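Structure first, commentary second.
Here, each number is a calculation from the coordinates, and none is a lab measurement. Note that we place each Cβ from the backbone using ideal geometry, even for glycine, and neighbour counts take in every protein chain shown.
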Ligand SMILES: Cc1cc2nc3c(=O)[nH]c(=O)nc-3n(C[C@H](O)[C@H](O)[C@H](O)COP(=O)(O)O)c2cc1C
Ligand SMILES: Cc1cc2nc3c(=O)[nH]c(=O)nc-3n(C[C@H](O)[C@H](O)[C@H](O)COP(=O)(O)O)c2cc1C
Ligand SMILES: Cc1cc2nc3c(=O)[nH]c(=O)nc-3n(C[C@H](O)[C@H](O)[C@H](O)COP(=O)(O)O)c2cc1C
Ligand SMILES: Cc1cc2nc3c(=O)[nH]c(=O)nc-3n(C[C@H](O)[C@H](O)[C@H](O)COP(=O)(O)O)c2cc1C
Ligand SMILES: O=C1C=CC(=O)C=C1
Ligand SMILES: O=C1C=CC(=O)C=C1
Ligand SMILES: O=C1C=CC(=O)C=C1
Ligand SMILES: O=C1C=CC(=O)C=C1
């Protein structure tokens, strides 16, 4: 089964998450895992002057999403929605839509926020778009036991893994957060191989 | 695979849809299909006086949901949410939740409204609860060609089948609505068999 | 202006919150603030054997919601939705709906969850129902500065105040949580008096 | 009060709706009404080749949103979300957010879809972003009587006006759709005047 982790990250928090998802997915015997990022939409100079992080994952084309059995989408929040970059990219999947190219493919979503607010809404509102493509939607529920832990500030929801970046972007994904992310990749890769070999 | 069509209906619109869903699911050779209803929560005499429809379907218990590989939930809208009767029933699945009894099972949703408004929000707000149980969420996308017909008033969304009951409840599910409902039953059942045998 | 804080609470966390909302609302010159709870739907004996908390707020009728200028709804989550009790109560507002009794009234929502997951979805999915009644929806945004604080586990979202009850129900609303709740009551009471005197 | 009708349109459906909204808002004597569009993000030549409609409305800047008492946002759907063009624009309101520049301002949303699906989800997913800015969210409920008509295919929801463009974009907003749009403009404008003078 082929698994794409398709993400947008400006400052690396979703990048770090995407890597953990990919690691989880790679634990599954029979899973081919690929990590790509969606195109930047900001002018390059503005991206750099805002301190955007350069990334080594290659940029995806809309067209190549058809090659996968499971796509795990990562996006930071922009006010409770997916980022403009992820939105812009999904807006170019109209050809895939008309041909039913993503229909019945597995989809799962992970997110990042500055201070937590909007992390559920970002995921569930991404699910909407996935549903229009007829993708099978995979939440993670409460299998990841870190989800019960209210002793420390922690991303992660039954809807998909999340990370809390701090208001100033200074926080890094915590071990509990990355554990949920790895769980998500492995669970979805498992389902992918179950259905597609 | 075992497929439960679990529904709530007061005036029979969801009940009719539920039979169409069961009918589609039954086309799938590996699929054992059962139709049950959630308990009425209204006093029996207020229900009669309101003109409520009597229904032959057996009443489900919360516990028996664990016995199935896929549950397709039918509910009328109450102001853009599932009905209090469906909510009440799902609020009694806390034991199933704690044991992960519905985790990884397939879930799909269909709905009915008086005049169309809230039909999307009912389905996707229902998906939220399904996600807490770690259920795999199954939208229908646009495989059902009737979803492209805008020549007549008709329910059905990429999220799941719907019906339009009319302001006074006098409309009956149309051929196109029932056909989307059958498709949804077949699609979910085929996925249930693909996953579980 | 008259402000109703209308809540459901089984174990007191939303009750404690509702009291803080009411206190906030009472700081506003010209605001008449009333606190009532919706009816219990569980059999009384089961309510007691589950350790349900007895409450001194009187039970509201659906009919009396028409008397207010602003209604602040409090509910704990049941899997990312409002509780069955709140759902059941709102389902009896069909008379108010047909007469436009809540149309243009202010509405705001606060929630409680065991471990955080579903707290955004509970609020925004309650907003849906409020919208069908034509209520003006009041989120709190980021005016409450505790919302920037990622140093301690903390409820509260830009959508409305929330509290984290702990998996076992043992946590009590924190000062930061109650501060956001008080903010919400006062902000909404302010708007109520601005519009209605 | 100053009322901004801010929209994105590729094929003119939202543009037509936007003019109807402006028209309704202008009926309110205290209301100064301005119609602006968000920038196109497609290369100018891809836009022409796609058959995009040229539009006379001035292009808004993110900053000038601060100047208004009420903003009514129009966007076509992209798979159940606002369009990438609207998302991109709203992603540039981080300065306004940090200064609380839109806090307490009125917000209301209208949408357009090819065949109806995603019309609710587009509006309410847009409300999420509005809530992060602390905007007061203004749904239309069922004051517009056309919302009770199920005799013809027509957009319009309790969340805000919508139009149905057809699969090929050939439908024009109907009389009933435009009338819901006018109502929404009038209602929001009257609220803007009631709050701000
Ligand atoms: C336009 C804009 C809107 C944002 N909205 C939110 C928000 O609603 N809630 C929040 O917690 N953080 C918000 N943030 C913070 C981003 O989500 C955060 O910087 C991102 O998660 C970091 O992930 P990345 O490093 O992968 O880019 C916003 C940031 C920008 C630039
Ligand atoms: C409390 C209440 C709330 C309702 N809210 C809506 C609504 O928001 N939108 C709508 O189109 N119909 C609404 N209706 C209509 C019901 O959804 C409709 O009667 C139901 O779909 C009929 O399905 P059934 O025959 O299976 O019970 C409402 C009805 C009641 C009693
Ligand atoms: C049926 C049921 C479902 C629940 N679902 C969730 C949930 O999805 N997320 C969560 O964090 N807590 C969940 N809980 C916990 C309740 O939300 C928590 O006990 C409540 O917030 C306490 O508030 P109260 O004391 O006012 O009743 C659930 C509890 C029950 C009984
Ligand atoms: C990328 C893309 C995604 C779309 N997704 C949907 C959709 O989910 N549902 C729908 O009914 N129409 C969909 N459409 C149709 C547009 O919403 C429709 O063309 C638009 O409402 C026309 O409005 P406008 O003329 O103002 O641009 C989509 C179109 C594009 C280009
Ligand atoms: O190009 C497109 C037009 C309409 C739609 O729904 C999807 C793609
Ligand atoms: O009793 C219960 C309490 C909380 C929950 O999430 C499930 C069951
Ligand atoms: O009683 C009723 C209340 C609301 C509605 O939409 C339909 C019936
Ligand atoms: O620059 C920024 C503006 C707003 C926000 O929420 C995070 C970063």
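A few comments on the model shown:
- Taking every C-alpha pair closer than 8 Å and separated by at least 6 residues, the mean separation divided by the residue count of the stretch B:1-87 gives a relative contact order of 44 percent.
- Förster radius 35 Å - calculated FRET efficiency between residue D:143 and residue D:63, Cβ distance, rounded to 0.05: 0.55
- Centroid-to-centroid, using Cα positions, the stretch B:8-79 and the stretch D:1-61 are 46 Å apart.
- Shape call, chain B: gyration tensor on alpha carbons, a/c limit 1.5: oblate
- Other-copy label distances relative to residue A:170, 7 angstrom Cα-Cβ extension, nm: 3.2, 6.1, 6.7
- Across the copies of the chain, residue C:46 has label points (7 Å from Cα along Cα→Cβ) spaced 1.6, 5.6, 5.6 nm apart, shortest distance listed first.
- Fewest neighbouring Cβ atoms within 10 Å first, the residues D:19, C:87 line up as D:19, C:87.
- Antiparallel content of DSSP bridges confined to chain B, in %, to 5: 10 percent
- FRET efficiency estimate (nearest 0.05) - Cβ-Cβ, residue A:26 to residue B:56, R0 51 angstrom: 0.50
- Other protein chain Cβ atoms within 10 Å, averaged over every residue that makes up C:67-78: 1
- Here B:120, B:146 are placed in order of increasing Cβ neighbour count within 10 Å, fewest first, which gives B:146, B:120.
- Which of B:11, C:142 has the fewest Cβ neighbours within 10 Å, and the rest in rising order: B:11, C:142
- Per residue, the average separation of C-alpha pairs within less than 8 Å and at least 6 apart gives chain D a relative contact order of 29 percent.
- Size of the stretch A:3-47 as Cα extents on the principal axes (Å, biggest first): 42, 16, 8
- Closest approach of a chain B Cβ to the axis relating B and A (residue, whole Å): B:137, 2.
- Residues considered: A:44, A:62, A:139. Largest GNM mean-square fluctuation over chain A, using C-alpha springs under 10 Å, is found at A:44.
- For A:138-148, mean number of other protein chain Cβ atoms within 10 Å: 5
- GNM flexibility winner over chain C from C:156, C:84, C:169 (Cα, springs under 10 Å): C:169
- The alpha carbon gyration tensor of the protein assembly as shown gives principal lengths a ≥ b ≥ c with a/c below 1.5, which makes the shape rounded.
- Inter-chain Cβ neighbour average for residues B:40-50, partner chain, 10 Å: 1
- Exam field: residue B:94 pseudo-label spacings to other copies (7 Å along Cα-Cβ), nanometres: 2.9, 4.2, 4.9
- Taking every DSSP beta bridge that has both ends in the stretch A:1-107, the antiparallel portion is near 10%.
- Mean separation of Cα pairs under 8 Å and 6 or more residues apart, divided by the residue count, gives the stretch A:54-114 a relative contact order of 49 percent.
- Of all DSSP beta bridges in the protein assembly as shown, antiparallel share, percent nearest 5: 15 percent
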